[PDB]
Amino acid sequence: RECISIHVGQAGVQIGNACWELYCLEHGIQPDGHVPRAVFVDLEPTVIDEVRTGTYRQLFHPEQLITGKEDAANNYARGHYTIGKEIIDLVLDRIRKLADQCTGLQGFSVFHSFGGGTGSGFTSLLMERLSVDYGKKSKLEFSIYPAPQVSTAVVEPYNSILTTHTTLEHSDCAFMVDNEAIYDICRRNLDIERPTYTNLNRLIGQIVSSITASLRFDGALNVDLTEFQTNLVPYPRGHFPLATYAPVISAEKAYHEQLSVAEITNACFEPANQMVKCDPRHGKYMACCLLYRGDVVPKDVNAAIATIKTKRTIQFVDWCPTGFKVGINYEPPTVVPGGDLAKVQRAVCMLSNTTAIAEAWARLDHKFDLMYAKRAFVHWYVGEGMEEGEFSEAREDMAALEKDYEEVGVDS
Amino acid sequence: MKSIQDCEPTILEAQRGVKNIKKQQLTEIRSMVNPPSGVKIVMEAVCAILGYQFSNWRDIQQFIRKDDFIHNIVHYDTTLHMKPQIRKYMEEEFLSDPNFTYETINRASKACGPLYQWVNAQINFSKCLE
Amino acid sequence: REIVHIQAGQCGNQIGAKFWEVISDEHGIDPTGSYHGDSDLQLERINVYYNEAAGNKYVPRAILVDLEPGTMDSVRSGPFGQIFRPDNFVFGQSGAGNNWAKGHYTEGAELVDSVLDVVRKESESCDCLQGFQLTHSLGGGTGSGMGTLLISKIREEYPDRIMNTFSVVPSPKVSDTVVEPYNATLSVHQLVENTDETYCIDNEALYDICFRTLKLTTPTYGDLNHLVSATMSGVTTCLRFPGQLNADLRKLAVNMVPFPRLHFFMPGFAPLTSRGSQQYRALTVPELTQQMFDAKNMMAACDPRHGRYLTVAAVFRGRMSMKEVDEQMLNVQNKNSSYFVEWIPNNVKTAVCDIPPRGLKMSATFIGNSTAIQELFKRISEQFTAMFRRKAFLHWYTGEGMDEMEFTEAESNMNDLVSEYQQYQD
């Protein structure tokens, strides 16, 4: 049943902030009735501060917007050890007043960001402290992960090679977006040239309502959070979908007759419409979840998938021969006024586990190398009670996750 | 013979100990607001070797930040072994801890080990009339 | 999280006087100290820069330091002079007796205490201290001697914050001052150990930009000063408004320095339009970068172009398509790919706050960390060595109780630092 959510980081709160709006619209909540069921954590006030003021003052009981007040770092170490340490407790307490406000949830949608103030490091220690206190539950993190070129910091590389080992072993399944790869979509398929961190967030707020939210409206052939952990993993390692959503188009490429079921599904495999610069052309897929929602009738799907099943550019991997799932829900997506998608009638979120993400792992491992290769920027981390270890071991580690996501290709 | 014997090739070893170090390694170190515990015990060990009275991190920043930190190191006595009791102190205090352990520190920063090697030399030569 | 001025010296007073002219105006504050703005947002963070006094007048937290005392009778004479609360002004009676040594043993060495006092009494009246901006020149009396002493006390009482220093370096070919190289060199050694973020501005580079980029006939020391303050509101203050992506003071610093030799930056502002001549309707973001990276919109000595940048940090601030920024920056990193350092892998650190500076519609400070700053310290160090070489003025120094040997020290030292910057000219 319903399911707490933790946004940590400059980013993560913004992501929330859109996303939480949509929700509330979705069930027809005003800006007041019941009360949201999640938390926002950060070491630097200003972001959360907007939230305390802008409409939606009400609609959180103010316990749960925990904000630090000291620095935000911008550098893991500090955020993990040193500063952040102070806040931990106090956060940890709310979700434990919040766990026991409700029965039988399944997990924690984390949204935390792989650059931002807090929030490699911090998250690192959070997902870790949850993992011991709630060893059982499900931990889906939607993380935002830094583009192959459009980096905006000079320690994106340090933070993200530090993060992997903390998320690898402790979050169940970690979703990836990247900012850069989102940009195309807004330009071409939607047709705006203003895509702020605020537009993209309106977008991810849609891909999330289709996992969870929507499942909770119960439709016809329903899929569920455990299911994943069976159907998308296929081994131990925390494996990582990439997300894709399907009919993205704007409100006057709307008129070009229906979006057939058949189409939208086909439109996903198109490596110019996914979300993470990677392109699946030489990836092998290994597992999909196509969740449809709106008027999609099982048969339709169960035909359209057949076509794909034979398209042969697109490779499934040998040692699986199956691999699908289908979500059909009702509830036809709902459309946030200050957003930009059409009144569609059905859309399709296929997320799927691919050896293509061998790509994404590369760039950052590469970037990093250059910088570590001199030592360069080290002193901001060393000096925060974080070590020379953590550098070496979080590369050597992540390399050795990267040979697995290749090896589990192709070898039958 | 023309030898001293007692710790002899330790004082030709302790000699590498001073010739290792590089100023830029200090400059980064002295900037470190709160480096790991592995740094911290080593710096308490230098402070004793130079014979500042014992300290703790806050105080140590205030001390190390000085102009003459690096200068005193470069100006120091490699041939000192003249009756410090800092030997029996440092041993009761530190050479009895296996976390005062070469490796941990040896990875620790760049060249923190060479500094540990330097301290170690200042102890293991201080065994001079044992 | 809130932060605390220190205005040492002649310039160091003078700039100040405009800066609080700016900053105040970005929060709708009268001369008196009472607020009259519009949008609550203005008033939300005053704390960074203020103190609330009873009644409702927010008095700026500064300290006004000087070893003579007509300075202060000018700062309070000003148009935005009431503001400070009198207790802050610490004058002396000597004169900026224009000898560094006299300002760093001797006359300032005395005065120090009547300043630290006001700093602790100020420091502990605010919540969470963030850092101190210390503004001053390597020119006059109090600036290089006395202020470079000052920090050595601060950085030992408050040994963790940051320390911005805005120094008005000794502008090579538009000098006064026959001792310059003595007065500079002695302080730069001291800066490079103990402040974590230092910004060199130079009067003739500063000049330049005002008759040709602006097209002003008569550049008053006052105008110039006025221009400097925009880069300093623009760095900090901005992030003490909301944002989009938001870097900040710790961050800005914490994204630059690739090793730890403090590293001195170079400000560049960005929509400068020459008055009547530029009401060509044309503001976006390709121009803002267009402008900014242009080697005649540096406020500081050299032209970037003989070296690299190591890090760059563009803090934009108005409405914008956050993409078109993020892109732009990219292009810039590719068109001039030649010299941008090929072993740091991205350079820009974009930040984007979110309110415009008053009349404008978006502005954007640049803080470049170039290796071109070899080419200032050579210049300076040259003039010194050459004139030191014949001991040649030495006595207005020796006699204040400092040796010669400091004059050696400082040079060597400081010269070696230039070496470092050239290693990454590779």
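About the criteria used
- Residues numbered from 1 in each chain as written, not as in the entry; some residues may be left out.
- Chains lettered and ligands numbered in written order.
- Heavy atoms only, no water.
- Helix = DSSP H or I, 4+ residues; strand = E, 2+ residues; numbered from the N terminus.
- Buried < 20%, exposed > 50% of the residue type's maximum accessible area, 1.4 Å probe, protein only.
- Areas by Shrake-Rupley, 256 points an atom, 1.4 Å probe, with all protein chains shown as cover.
- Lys, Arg positive; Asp, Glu negative; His and termini not counted.
- Charge placed at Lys NZ, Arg CZ, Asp CG, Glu CD.
- Domains from an automatic or database assignment.
- Buried area = accessible area lost by both parts, 1.4 Å probe.
- Contact = heavy atoms within 4.5 Å.
- Salt bridge = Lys/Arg side-chain N within 4 Å of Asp/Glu carboxyl O.
- Polar contact = N/O pair within 3.5 Å; in protein donor to acceptor, adjacent residues only side chain to side chain.
- Nonpolar A, V, L, I, M, F, W, Y, C, P; charged D, E, K, R; others polar.
- Pairing = 2+ DSSP bridges.
- Expected span 1.5 Å × (residues − 1).
- Bend = angle between axes of the 7 residues up to and from the residue.
- 1 Å grid on protein atoms, 1.4 Å probe; cavity = no way out; pocket = protein on both sides within 12 Å on 5 of 7 lines; lining within 4 Å.
- Points joined across faces, edges and corners; volume = space filled by probe spheres on them.
- Axes fitted to C-alpha atoms, helices over the stretch in contact; angles between N-to-C directions.
- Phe/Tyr/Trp six-rings, centres within 6.5 Å; stacked < 30°, edge-to-face > 60°.
- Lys NZ or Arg CZ within 6 Å of the ring centre and 35° of its normal.
- Parallel < 35°, antiparallel > 145°, perpendicular 65-115°, else oblique.
- Left-handed = near helix turned anticlockwise from the far one by under 90°.

As recorded in the PDB header, cryo-EM is the method behind this entry, and the stated resolution is 3.62 Å.

A. Quick peek at the overall build of chain B. The secondary structure content of chain B amounts to 8 helices and 0 strands. Along its sequence from the N terminus, chain B presents helices and strands in the succession α-α-α-α-α-α-α-α. Seen along its three principal axes, the alpha-carbon backbone of chain B occupies a region of about 50 × 30 × 25 Å. Among the 130 residues that make up chain B, the fraction classed as buried is 43%. Summing over all exposed atoms, chain B offers an accessible surface of approximately 7700 Å²; the carbon and sulfur share of this is 50%. Computing the positive centroid from 16 side-chain charges and the negative centroid from 15, chain B places the two 7 Å apart.

B. Representation of the domain arrangement of chain A in the model. Residues and elements named next belong to chain A. By the assigned domains, chain A splits into domain 1 (1-241), domain 2 (242-356) and domain 3 (357-412). Each of domain 2 and domain 3 has a C-alpha centre, and these two points are 32 Å apart. Summed over both sides, the interface of domain 2 with domain 3 buries roughly 890 Å², with 55% coming from carbon and sulfur. Broken down residue by residue, the surface that domain 2 buries against domain 3 is led by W319, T355 and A356, which jointly contribute 41%.

C. Looking closely at the interface of chain C and chain A. Taken together, the 32 residues of chain C in the interface contact 35 residues of chain A. Buried area between chain C and chain A, summed over both chains or domains, comes out near 3200 Å², and the portion from carbon and sulfur atoms is 61%. Looking only at chain C, the three residues that lose the most surface to chain A are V254(C), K323(C) and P345(C), adding up to 18% of its buried area. Inspection of the chain C/chain A interface yields 4 salt bridges. Across the pair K323(C) and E193(A) runs a salt bridge, and its minimum N-O distance is 3.5 Å. Our count for the chain C to chain A interface comes out at 8 residue pairs in polar contact. Secondary-structure elements contributing two or more residues to the side of chain C that touches chain A are α9 (249-254) and α11 (322-335) of chain C. Looking at the side of chain C that touches chain A, its residues break down into 17 nonpolar, 6 polar and 9 charged.

D. Quick look at the interface of chain C and chain B. Each side of the interface is counted separately: chain C has 11 residues, and chain B has 8 residues. Carbon and sulfur atoms supply 42% of the area that chain C and chain B bury against each other, a total of about 1000 Å² over both sides. Its largest share of buried area at the contact with chain B, chain C owes to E156(C), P159(C) and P260(C), together 46% of the area lost on that side. In this assembly, chain C and chain B are joined by 3 salt bridges. Here the side of chain C that touches chain B gets 3 residues from one element, more than from any other, and that element is helix α5 (residues 141-157) of chain C.

E. Focus on the sheet that holds strand β10 (residues 315-316) of chain A. With mixed pairing, 4 strands are arranged side by side in an open sheet as β7-β13-β8-β10 (chain A). The two strands at the open ends of the sheet, each matched to only one other strand, are β7 (241-243) and β10 of chain A.

F. Examining the pairing of strand β9 (residues 291-294) of chain A more closely. All names here are of chain A. Pairing of β9 with strand β11 (residues 327-329), which is carried by 3 bridges, proceeds in the parallel orientation. Its bridge partner lying in β11, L291 is registered against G327. Both β9 and strand β12 (residues 346-349) contribute to a ladder of 4 bridges, which runs antiparallel. If you follow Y292 over to β12, its bridge partner there is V348.

G. Quick peek at the pattern of salt bridges. Residue and element names in this part refer to chain A. Considering all chains together, one arrives at 44 salt bridges over all chains under this definition. Here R202 makes a salt bridge to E21, at a shortest N to O gap of 2.9 Å. Remark: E21 occurs in helix α1 (residues 10-27) and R202 occurs in helix α8 (residues 197-215); sequence separation between them is 181 residues. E169 is paired through a salt bridge with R237; the nearest N and O atoms lie 3.3 Å apart.

H. Here's a closer look at α8(A). Residue and element names in this part refer to chain A. Taking 1.5 Å per residue, 19 residues should reach 27 Å; α8 reaches 27 Å between its end C-alpha atoms and fits that length. Roughly 50° is the biggest bend found in α8, and it falls at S209. With 17 of 19 residues buried, α8 lies mostly within the body of the structure.

I. Representation of empty space enclosed by the protein in the model. Its boundaries defined by the atoms lining it, the largest cavity holds a volume of some 480 Å³. Across the lining of the largest cavity, the residue classes tally to 12 nonpolar, 8 polar and 10 charged. Of the voids in this model, the second largest cavity is the one considered here, and its volume is about 360 Å³. Counting only elements with at least two residues in the lining of the second largest cavity, the list comes to α1 and α7 (180-188) of chain A together with α11 of chain C. Split by residue class, the lining of the second largest cavity holds 12 nonpolar, 9 polar and 5 charged.

J. Spatial organisation of the sheet that holds strand β2 (residues 39-42) of chain A. All names here are of chain A. The strand order β3-β2-β1-β4-β5-β6 describes an open sheet built from 6 strands, whose pairing is parallel. The open sheet terminates on both sides in strands that have one partner only, identified here as β3 (65-67) and β6 (173-177). Averaged over all pairs of adjacent strands, the angle between strand axes in this sheet comes to 15°, irrespective of strand direction. Across 3 bridges, the pairing between strand β1 (residues 5-8) and β2 is parallel. Within β2, the residue paired with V8 across the bridge is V41. Each of β1, β2, β4 (107-112) and β5 (138-144) touches α1; the most contacted strand, β1, lies at about 135° to it.

K. The packing of aromatic side chains, seen in detail. One pass over the structure, following the stated rule, counts 52 aromatic pairs over all chains. Between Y182(C) and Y397(C), the aromatic rings sit 5.6 Å apart at their centres with planes inclined by 50°, giving tilted as the arrangement. Highlighted residues: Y182(C) in helix α6 (residues 180-191) and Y397(C) in helix α13 (residues 395-398), separated in sequence by 215 residues. Under the relative-accessibility criterion, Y182(C) is labelled buried at 0%. Joined through ring pairs, the aromatic side chains of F114(A), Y145(A), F240(A), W361(A) and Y405(A) make up one cluster. When the ring centre of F316(A) is taken as origin, the NZ or CZ atom of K309(A), which lies over that ring, is 5.5 Å away. For the cation-ring pair, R76(C) lies above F89(C), with the distance from its terminal atom to the ring centre recorded as 4.8 Å.

L. Fine view of helix α2 (residues 23-31) of chain B. Those residues of α2(B) that sit buried are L26(B), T27(B), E28(B), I29(B) and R30(B). Those residues of α2(B) that are buried lie in contact with α14 (379-382) of chain A together with α4 (57-64), α5 (68-75) and α8 (112-124) of chain B.

M. Spotlight on the environment of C173(A). One can find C173(A) in strand β6. For the pair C173(A) and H239(A), spaced 66 residues apart in sequence, the C-alpha separation works out to 5.7 Å.

N. View of the packing of helix α1 (residues 10-19) of chain B against α8(B). All names here are of chain B. Between α1 and α8, the shortest axis-to-axis distance is 9 Å and the interhelical angle comes to 155°. By the angle between their axes, α1 is roughly antiparallel relative to α8. Relative to α8, α1 is oriented so that their crossing is left-handed. Where α1 approaches α8, its residues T10, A14, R16, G17 and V18 are matched on the opposing element by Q117, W118, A121 and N124. Here the residues of the contact of α1 with α8 sort into 4 nonpolar, 4 polar and 1 charged.

O. Layout of the environment of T408(C). Residues and elements named next belong to chain C. By the element assignment, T408 lies in helix α14 (residues 405-423). Classification of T408 by relative accessible area gives partly exposed; the value is 32%. Along the backbone, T408 and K173 are 235 residues apart, and their C-alpha atoms lie at a distance of 24 Å. Within the structure, the side chain of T408 is placed 2.8 Å from the backbone oxygen of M405, a separation counted as a polar contact.

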